[PDB]
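Step one of this worksheet: look at the structure below.
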Amino acid sequence: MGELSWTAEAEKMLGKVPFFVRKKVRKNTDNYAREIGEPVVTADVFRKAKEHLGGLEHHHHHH
């Protein structure tokens with residue numbers, strides 16, 4: 001047991017990512033959340049991680 005807690009919110013976004021690059025993101029976020037001090041990777045954490053690694057997507061209006 002050396003993995004963080006992953007929520008359906010974060011995984012729902014990760015499920016939109018091809019299986020061969022899922023590990024690239026998931027492992028990176030695992031290290032990211034630990035770095036910031038978050039045991040549970042949520043949608044917010046994944047969001048911050050994504051922006052940190054490369055948040056080039058533009059969808060600021062979700063509502």
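Within each chain, counting starts at residue 1; across the structure tokens, chains are named A, B, ... in the order shown, with ligands numbered 1 upward in that order.
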
Checklist entry - Leaving out segment 25-32 of chain A and any residue of its chain fewer than 6 positions from it, which residues lie within 10 Å of it when counting only C-alpha atoms, given as a ChimeraX atom specification? => result /A:2-6,10-11,14,17,38-41,45-50,52-53

Item to check | DSSP helix (DSSP H, G or I) selection over chain A, as a count of residues only | outcome: 37

Checklist entry - Which of chain A counts as strand (DSSP E) under DSSP, as a VMD selection string please? => result chain A and resid 5 to 6 40 to 41

Item to check | Atomic separation - atom CA of residue 51 of chain A relative to atom CA of residue 33 of chain A, Å | outcome: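 Pair atom CA of residue 33 of chain A / atom CA of residue 51 of chain A returns 13.1 Å.
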
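One finds atom CA of residue 1 of chain A at 14.2 Å from atom CA of residue 34 of chain A.
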